[PDB]
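Each chain, written out:
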Amino acid sequence: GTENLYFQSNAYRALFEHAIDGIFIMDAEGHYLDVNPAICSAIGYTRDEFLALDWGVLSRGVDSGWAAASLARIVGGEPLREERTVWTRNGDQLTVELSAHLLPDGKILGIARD
Amino acid sequence: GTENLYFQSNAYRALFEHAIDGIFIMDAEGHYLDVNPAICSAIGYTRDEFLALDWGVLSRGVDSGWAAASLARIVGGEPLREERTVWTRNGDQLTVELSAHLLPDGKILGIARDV
């Protein structure tokens with residue numbers, strides 16, 4: 001049997017740690033809550049730096065209202081799938097495909113892929 | 001909180017459903033126990049059809065001993081990271097990069113990526 005919370009929790013821990021794709025968790029207000037090793041390494045922020053940032057900073061989409069508009073669609077229950085230019089800590093540019101899905105308690109699971 | 005049992009199991013079910021990469025679970029003997037939508041779509045198998053498979057059949061690793069030897073290495077605490085060609089029952093061929101990690105309850109988490 002695999003239909004129990006311990007198995008599932010185990011499998012999340014392993015996926016989060018070992019995924020090649022970036023995986024992040026944010027709260028309903030767009031505050032980053034967790035970030036996996038892949039995303040910290042790609043974007044160049046440490047976990048502690050990352051957890052002080054909000055949705056929109058990486059892709060410079062706060063002022064434009066992109067962050068607020070997209071967050072609202074996500075918390076409304078529409079999945080996000082959109083390519084965005086993001087900037088690393090050092091100011092280099094990446095193109096990432098961002099996916100985001102609502103979790104049952106209103107938090108958000110995100111994936112960042114090349 | 002994001003460390004707790006309820007959060008992490010919620011997050012697993014979401015990530016399993018929504019991952020673009022393939023994710024599979026197998027037991028220590030190589031029997032497939034679960035497979036995510038991405039895998040099923042990639043090879044056009046249903047979940048039930050995939051769950052009749054054992055480790056090595058898709059990548060033609062039975063005769064060579066690759067299936068049994070690789071499974072032993074994983075079960076022994078050595079994560080797998082290697083590419084495998086898959087040949088599906090309808091004649092398709094694809095090459096994927098596989099990662100496989102032993103989980104605490106003895107099961108194995110696999111991830112399959114395009115490559």
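About the thresholds
- Residues numbered from 1 in each chain as written, not as in the entry; some residues may be left out.
- Chains lettered and ligands numbered in written order.
- Heavy atoms only, no water.
- Helix = DSSP H or I, 4+ residues; strand = E, 2+ residues; numbered from the N terminus.
- Rg over C-alpha atoms; globule rule 2.2 N^0.38 Å.
- Axes fitted to C-alpha atoms, helices over the stretch in contact; angles between N-to-C directions.
- Parallel < 35°, antiparallel > 145°, perpendicular 65-115°, else oblique.
- Left-handed = near helix turned anticlockwise from the far one by under 90°.
- Contact = heavy atoms within 4.5 Å.
- Nonpolar A, V, L, I, M, F, W, Y, C, P; charged D, E, K, R; others polar.
- Salt bridge = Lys/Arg side-chain N within 4 Å of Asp/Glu carboxyl O.
- Buried < 20%, exposed > 50% of the residue type's maximum accessible area, 1.4 Å probe, protein only.
- Pairing = 2+ DSSP bridges.
- Buried area = accessible area lost by both parts, 1.4 Å probe.
- Polar contact = N/O pair within 3.5 Å; in protein donor to acceptor, adjacent residues only side chain to side chain.
- Expected span 1.5 Å × (residues − 1).

The deposited coordinates, according to the entry record, derive from X-ray crystallography at 1.60 Å resolution.

## Here's the deal with the overall build of chain B
When helices and strands are tallied, chain B shows four helices and five strands. Reading chain B from its N end, one meets helices and strands in the order α-β-β-α-α-α-β-β-β. For 115 residues, the compact-globule formula gives about 13 Å, and the C-alpha radius of gyration of chain B, at 14 Å, lands near that figure. Summarising its shape, the C-alpha atoms of chain B cover approximately 45 × 30 × 25 Å along the three principal directions.

## Some points on the packing of helix α1 (residues 5-18) of chain A against helix α1 (residues 5-18) of chain B
At a closest axis distance of 7 Å, the pairing of α1 of chain A and α1 of chain B adopts a crossing angle of 70°. By the criterion of interaxial angle, the relationship of α1 of chain A to α1 of chain B is roughly perpendicular. As for the relative orientation of α1 of chain A and α1 of chain B, their crossing is left-handed in sense. Of the residues in α1 of chain B, those in contact with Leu5, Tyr6, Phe7, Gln8, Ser9, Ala11, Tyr12, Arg13 and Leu15 of chain A of α1 of chain A are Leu5, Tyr6, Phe7, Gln8, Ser9, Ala11, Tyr12, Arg13 and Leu15 of chain B. Its residues assigned to classes, the contact of α1 of chain A with α1 of chain B shows twelve nonpolar, four polar and two charged.

## What about the pattern of salt bridges?
Going through the model one piece at a time under the given rule, you end up with twelve salt bridges over all chains. Of the charged contacts in the structure, one is a salt bridge between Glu49 of chain A and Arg89 of chain A, with a shortest N-O distance of 2.8 Å. On the criterion of sequence distance, the pair formed by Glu49 of chain A in helix α3 (residues 47-50) and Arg89 of chain A in the loop between β3 (80-87) and β4 (93-102) is long-range, its members being 40 residues apart. Take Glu49 of chain A: its relative accessible area is 25%, and that puts it in the partly exposed class. For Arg89 of chain A, a relative accessible area of 52% gives the class exposed. Ionic pairing is found between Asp34 of chain B and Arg47 of chain B, a salt bridge with its closest N-O pair at 2.7 Å. Linking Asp34 of chain B in strand β2 (residues 32-35) with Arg47 of chain B in helix α3 (residues 47-50), this pair joins segments that are 13 residues apart in sequence. Three or more residues are tied together by salt bridges with common partners; here these are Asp21 and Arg113 of chain A together with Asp21 and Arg113 of chain B.

## A word on the sheet that holds strand β4 (residues 93-102) of chain B
Residue and element names in this part refer to chain B. The strand order across the open sheet built from five strands is β2-β1-β5-β4-β3, with neighbouring strands paired in antiparallel fashion. The open sheet is flanked by β2 and β3 (80-87), the only strands paired with a single partner. Taken over all neighbouring pairs, the strand axes of this sheet differ in orientation by 30° on average, direction set aside. Bridge count for β3 against β4 is eight bridges, and the pairing is antiparallel. By the bridge assignment for β4, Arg84 is matched with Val96.

## Let's talk about the interface of chain B and chain A
Contacts between the two partners involve 31 residues from chain B, matched on the other side by 30 residues from chain A. Buried area between chain B and chain A, both sides added, is near 2,900 Å², and the carbon and sulfur share of it is 72%. Summed over the shared surface of chain B and chain A, the result is two salt bridges. Run the count over chain B and chain A and you get seven residue pairs in polar contact. Taken together, the elements giving at least two residues each to the side of chain B that touches chain A come down to α1, β1 (22-26), β4 and β5 (108-114) of chain B. The dominant element in the side of chain B that touches chain A, judged by the number of residues it contributes, is α1 of chain B, at twelve residues. Partitioning the side of chain B that touches chain A into residue classes produces 16 nonpolar, seven polar and eight charged.

## A few points about α1 of chain A
For α1 of chain A, built from 14 residues, the straight-helix expectation of 20 Å at 1.5 Å per residue is met to within 8% by its first-to-last C-alpha distance of 20 Å. Turning to α1 of chain A, its buried residues are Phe7, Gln8, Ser9, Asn10, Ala11, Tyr12, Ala14, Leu15 and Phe16 of chain A. Looking at the buried positions of α1 of chain A, the neighbouring elements they touch are β1 (22-26), β2 (32-35) and α2 (37-43) of chain A together with α1, β1 and β5 of chain B. Where α1 of chain A begins, the capping side chain belongs to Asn4 of chain A, and its oxygen is found 3.0 Å from the backbone nitrogen of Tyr6 of chain A.

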